[PDB]
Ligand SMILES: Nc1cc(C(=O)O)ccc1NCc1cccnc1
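Here you get one chain, nothing else, as C-alpha cells; it is the form deposited without this ligand.
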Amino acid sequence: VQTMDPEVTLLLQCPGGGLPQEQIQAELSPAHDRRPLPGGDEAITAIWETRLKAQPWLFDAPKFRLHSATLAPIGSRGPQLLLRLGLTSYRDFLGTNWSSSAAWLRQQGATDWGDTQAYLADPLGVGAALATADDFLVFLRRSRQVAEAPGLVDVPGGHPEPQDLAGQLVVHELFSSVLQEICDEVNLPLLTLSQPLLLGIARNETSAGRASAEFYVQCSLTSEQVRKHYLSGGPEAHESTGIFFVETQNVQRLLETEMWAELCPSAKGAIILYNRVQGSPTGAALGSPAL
C-alpha cells in the first residue's frame, strides 16, 4: 500500500481504532531471518570494521527482524494479526540496509527470493503517537549528534531487544518497549499512560525499507504537564533537545505546513497511520495484567 511522500510506505494498516496486545500473535523463527548475501556475509564484517575504525566505541546490539505481517479474517475467532519475526543486529543493519550496496541487495533479493528485503537486516523499530489529555500529539527534536535523521523532528521511539507463549512474550516485549521509552525519554510516570494500541507498520525508504511499528498511546497529563515533566529531568535526562505539541485537530492538515519537511521518515509513518486508523479508548497501562 503506497502512500504519498515516497519516503514512506505502509506494510500494514490495522482496522479503525488500532489493535490491542491481546489480539496480536507473533511467530519468531530462523525462517524469518535475513538471507546470507550473494555472496558471503564477510562483506558485512568489512563494513563493520571500516566503521569502528572511525568510531571504535560502536557496539553491536541484537534486534527483532520483521519478515511479514498478516491481518486475519475480519471479526474472526483467532488473533487479528500475525507478525512473523526473525533476529538481526545493528551490525547487520549497517552492513546491509545502510550500506552503499543496499540498492544492489534489494534487486538481487527480489530476483533470487522474490523479496527485496530478503538480503536486508530490517530491524523492527517502534514509534508512538502520544496523545495528551488536552488533545495534542507530542513531538521531539532529535539531537544533532546522531547520524540518522540528525536535528529532525521525531515521535517518541524505542527499540525492543530480544531476551505459543514465546510469541506472546515477543508481543509483550514490543508493547512494553514503547511505554518504557516514553517514560525514559519524556520522563512520564507509567501511571499516566494508557495501554498501547498498534496502528500499523510503516517502511522508511531512505533506510531501504526498515519497518517501524507505530502505536497509539494516551497520556492522562495535559500538554503543559508533560512539558514540565520532560524539562524537569534536565538536558541529560533525555537524548532529544526539546519537546513541543500539535493539536490533534491540526495533525491531519499537518503536511501542508513547513513542519513536514522537519519530520523524519519514521515520524511521518506514525502521523500518516494515526490519521488513517485513528484512536480508540484504552485504560491505564498499570491496570492491565503483565505476563
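Quick note: we count residues from 1 along the sequence shown, nothing fancier.
Below, we refer to the form deposited with this ligand bound, which is not included among the displayed structures.
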{"query": "Among 104-112, 90-98, 164-172, 188-196, the region lying within 4.5 Å of this ligand in the deposited complex by heavy atom distance", "finding": "90-98"}
{"query": "Partner contact for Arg35 in the deposited complex: this ligand, 4.5 angstroms, heavy atom", "finding": "no"}
{"query": "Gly200: touches this ligand in the deposited complex, heavy atom cutoff 4.5 angstroms", "finding": "no"}
{"query": "This ligand contact at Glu148 in the deposited complex, heavy atom, 4.5 Å", "finding": "yes"}
{"query": "Any residue of 121-142 that, in the deposited complex, places a heavy atom within 4.5 Å of this ligand", "finding": "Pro123"}
